[PDB]
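One structure is given here, and the rest of the page talks about it.
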Amino acid sequence: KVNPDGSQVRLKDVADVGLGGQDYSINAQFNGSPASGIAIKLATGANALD
Amino acid sequence: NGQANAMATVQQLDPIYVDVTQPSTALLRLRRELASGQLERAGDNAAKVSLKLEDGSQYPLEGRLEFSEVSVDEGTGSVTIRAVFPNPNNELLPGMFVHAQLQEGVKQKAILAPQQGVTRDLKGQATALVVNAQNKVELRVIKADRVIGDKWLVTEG
Amino acid sequence: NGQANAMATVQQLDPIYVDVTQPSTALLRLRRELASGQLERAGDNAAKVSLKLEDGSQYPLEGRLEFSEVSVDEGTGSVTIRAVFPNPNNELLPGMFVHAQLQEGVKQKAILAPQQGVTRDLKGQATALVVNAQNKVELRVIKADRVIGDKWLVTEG
Amino acid sequence: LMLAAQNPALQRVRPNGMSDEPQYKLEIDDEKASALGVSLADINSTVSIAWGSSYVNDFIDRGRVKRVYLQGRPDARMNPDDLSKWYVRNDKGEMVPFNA
Amino acid sequence: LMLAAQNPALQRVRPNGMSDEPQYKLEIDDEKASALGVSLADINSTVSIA
Amino acid sequence: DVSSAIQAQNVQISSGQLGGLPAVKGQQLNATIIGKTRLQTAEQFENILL
Amino acid sequence: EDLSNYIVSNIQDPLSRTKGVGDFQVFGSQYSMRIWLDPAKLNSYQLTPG
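Residue numbers (the entry's author numbering), protein chains in the order written: chain A, 252 to 301; chain B, 158 to 314; chain C, 158 to 314; chain D, 703 to 802; chain E, 703 to 752; chain F, 202 to 251; chain G, 152 to 201.
Okay, structure coming up:
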């Protein structure tokens with residue numbers, strides 16, 4: 252919102268912006284240490300050894 | 158007799174007024190830092206420095222600050238500051254949209270890192286690479302809040 | 158003579174008024190739960206009002222309370238309350254947005270239950286599992302309505 | 703499930719779902735909100751963004767197209783009496799609290 | 703591309719892209735355009751149609 | 202106007218949760234929030250404010 | 152969250168186009184520009200999240 256005399260409201264007066272997570276539902280850890288990882292499935296019809 | 162609309166306007170162009178606006182959130186934060194935080198005081202150099210025109214160029218003559226509006230408007234939460242500027246050649250016109258830089262306090266023992274020494278990694282989080290006593294290199298997350306000239310005014314780290 | 162727009166304005170900044178809107182359902186629920194059933198009983202430490210600025214800084218001095226508008230607004234559905242505050246340093250300006258902290262009664266010595274034990278069951282109101290002196294699990298119907306910290310403020314059961 | 707632990711041929715049977723849990727149903731008064739000059743799509747867009755984390759558009763971060771999300775702050779959606787902390791704007795420019 | 707032109711085992715080595723060229727980057731003053739009363743969606747709807 | 206009032210009052214809006222993530226530290230209450238659901242009976246459609 | 156962001160932004164797309172990978176269920180997701188609104192500061196300037 253900007254008035255014609257120069258007064259204005261930016262997006263740091265109503266909110267606080269920062270790089271966060273896209274989703275906060277799922278979270279993992281490994282032996283107590285904070286960790287993330289990707290679980291890999293298998294397409295049916297393909298061999299699981301190669 | 159006493160009709161509303163004018164029939165002509167006469168105006169004086171020397172001197173000229175500059176009405177700038179300032180949010181009150183950054184106005185009481187200045188009064189908070191001026192007594193307990195990073196202590197600072199301007200002194201006799203709190204008159205003014207110059208202003209910046211529409212095209213971004215710099216005006217040669219500096220002005221003076223006398224206050225005229227202690228009142229917060231409800232829509233923006235901003236106070237108005239009045240300044241007077243000499244205009245000997247009528248380079249300034251009434252109604253122009255300008256940017257005037259005022260004078261906050263004078264920070265002492267300030268640390269200024271160059272531009273290329275500071276970087277921004279993942280999650281933003283401005284950082285630098287220091288060398289300790291054992292000639293290793295460390296990464297230090299710093300709180301670089303503003304740029305002064307060709308340096309960042311770094312306040313932590 | 159007697160024109161509409163003013164030439165200037167002069168204002169007095171000590172003391173200062175704080176006008177505060179409160180929805181009519183809030184005071185309707187408060188006056189319902191105060192003088193009937195549940196115990197509120199404000200008790201003479203109620204004219205004290207402390208206000209908090211927009212940046213979360215607590216204003217140091219406290220001020221009184223004096224009601225001045227017994228009428229709700231047809232647009233917003235809110236009642237106006239009025240308070241005075243000493244302003245010896247002109248830290249407050251007219252038009253600023255603040256947060257007043259009223260005290261809506263002080264409940265006596267009764268009860269405060271944790272949020273882990275109190276649950277919802279039986280298609281409606283709140284339940285809690287208690288043990289008796291015979292070490293049997295007994296279900297009790299509670300009337301918990303509001304939250305203090307991580308606790309329910311229960312009233313019955 | 704009443705005839706489940708009694709059966710000798712079967713053991714440790716269980717539903718793979720989850721048990722029922724409490725939930726907070728809020729009702730708005732559309733008559734009172736419309737009499738107060740408040741548009742109804744404004745109430746819907748306020749409750750969908752301020753509590754439900756709406757998705758606006760994309761942006762670029764280190765050369766990868768990522769997202770920007772919009773939601774209220776954590777300490778303003780933790781309790782059922784925090785839902786009265788949000789305000790809508792009626793048609794003559796005033797702010798109506800949510801518990802009105 | 704210059705470390706390949708000195709190597710004698712290859713000839714006519716080239717990229718299959720294009721050379722760099724000047725591009726005219728215009729910037730708009732969103733503060734000034736909003737203080738003048740011009741809404742910022744109209745600037746996009748003008749420069750993306752005209 | 203009827204087609205706009207129906208599309209504004211017969212909706213199903215994603216409201217959210219009362220203790221959703223990222224939560225403040227020490228949160229113990231958690232429950233989904235039921236907002237406006239779709240209309241089912243004909244008398245509910247008769248009670249739509251124009 | 153940084154580990155999940157690095158897994159999604161760097162290692163997910165090579166691991167999503169090999170032989171036999173038909174699904175992946177990474178715990179967490181990439182970064183996002185989270186904008187947390189304040190209802191009091193939104194009330195102070197007569198604004199809505201819309």
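Beta carbons are placed, not taken as given, at the ideal position from N, Cα and C, and that holds for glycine.
### Task
Could you please give the first and the last residue of the uninterrupted alpha helix (DSSP H) stretch that includes F:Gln208?
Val203 to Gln210
#### Entry: Reduced DSSP secondary structure (H/G/I, E/B, other) of C:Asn158
coil
### Query
Taking Cβ positions, are C:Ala257 and C:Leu208 nearer each other than 8 Å?
yes
### Message
I'd like the span of the alpha helix (DSSP H) that includes B:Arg186, first residue to last.
### Response
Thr182 to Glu190
### Task
Check B:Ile268 in the structure and name its three-state DSSP category.
strand
### Task
Please classify B:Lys300: does DSSP put it in a helix, a strand, or coil?
coil
### Query
According to the Cβ coordinates, are B:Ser181 and C:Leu250 closer than 8 Å?
yes
### Query
So, does the CB of C:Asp176 fall closer than 8 Å to a CB anywhere in chain B?
no
### Query
Under 8 Å Cβ-Cβ, which residues of chain G neighbour B:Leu279?
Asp153, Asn156, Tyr157 and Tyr182
### Query
What are the uninterrupted segments assigned as alpha helix (DSSP H) that are 4 or more residues long and contained completely in the stretch 734 to 785 of chain D, given in chain order?
742 to 752
### Query
If you run the structure through DSSP and keep just helix, strand and coil, what is A:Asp267?
strand
### Query
At a CB-CB cut-off below 8 Å, which residues of chain B make contact with G:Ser195?
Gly234
### Task
Consider the Cβ of A:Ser276: report whether some Cβ of chain F lies at a distance smaller than 8 Å.
yes
### Touching by the beta-carbon criterion (3+ pairs, under 8 Å), the stretch 769 to 787 of chain D and the stretch 180 to 190 of chain G
yes
### Query
Beta-carbon separation of F:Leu222 and A:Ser284 under 8 Å?
no
### Query
Would the beta-carbon of C:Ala199 fall within 8 Å of that of C:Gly262?
yes
### Message
If contacts are defined as beta-carbon pairs under 8 Å, then C:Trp309 and C:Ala267 qualify, I think. What distance do you get, rounded to the angstrom?
### Response
Actually they do not touch by this definition, with Cβ atoms about 12 Å apart.
### Query
Looking only at C-alpha atoms, which of B:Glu313, B:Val294, B:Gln169 and B:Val255 sits nearest to B:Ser214?
B:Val255
### Message
By the three-class DSSP mapping on this structure, what secondary structure does C:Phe242 have?
### Response
strand
#### Entry: Residue range of the unbroken beta strand (DSSP E) whose run includes G:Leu193
No beta strand (DSSP E) holds G:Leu193; the alpha helix (DSSP H) holding it covers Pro190 to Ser195.
### Query
Excluding five sequence neighbours on each side, which residues of the same chain lie with their C-beta closer than 7 Å to the C-beta of B:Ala283?
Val275, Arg277, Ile299 and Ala301
### Query
Using a Cβ-Cβ cut-off of 6 Å (strictly less than) and excluding sequence neighbours within five positions of D:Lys787, which residues of its own chain qualify?
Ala778
### Message
Any beta carbon of chain G sitting closer than 8 Å to that of A:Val265?
### Response
yes
### Query
Within the 8 Å Cβ cut-off, does C:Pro180 reach chain D?
yes
### Task
Drop a sphere of 10 angstroms on the beta-carbon of B:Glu313, count the other beta-carbons inside from all chains shown, and report buried for 16 or more, exposed for fewer.
exposed
### Task
Using beta-carbon positions only, say whether F:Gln210 and D:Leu742 come within less than 8 Å of one another.
yes
### Task
Could you tell me which residues DSSP puts in a beta bridge with B:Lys209?
B:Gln215 and B:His256
### Short Cβ contact (8 Å threshold) for B:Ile173 with B:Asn244
yes
#### Entry: E:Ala707, enclosing alpha helix (DSSP H) - first and last residue
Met704 to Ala707
### Query
Which of the three DSSP states, helix, strand or coil, is assigned to F:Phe246?
helix
### Message
Using CA atoms only, rank isn't needed, just tell me which of A:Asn282, A:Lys263 and A:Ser287 is closest to G:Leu193.
### Response
A:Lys263
### Message
Measuring only the C-alpha atoms, how far is B:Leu196 from B:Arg189?
### Response
9 Å
### Query
With respect to the beta strand (DSSP E) encompassing B:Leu286, which residues constitute its N-terminal and C-terminal limits?
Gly281 to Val288
### Query
Helix, strand or coil: how does DSSP classify E:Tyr726 here?
coil
### Buried versus exposed, by CB contacts within 10 Å (16 or more), E:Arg716
exposed
### Task
Compare the C-alpha of D:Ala752 against each of F:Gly236, F:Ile207 and F:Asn231 and name the closest.
F:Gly236
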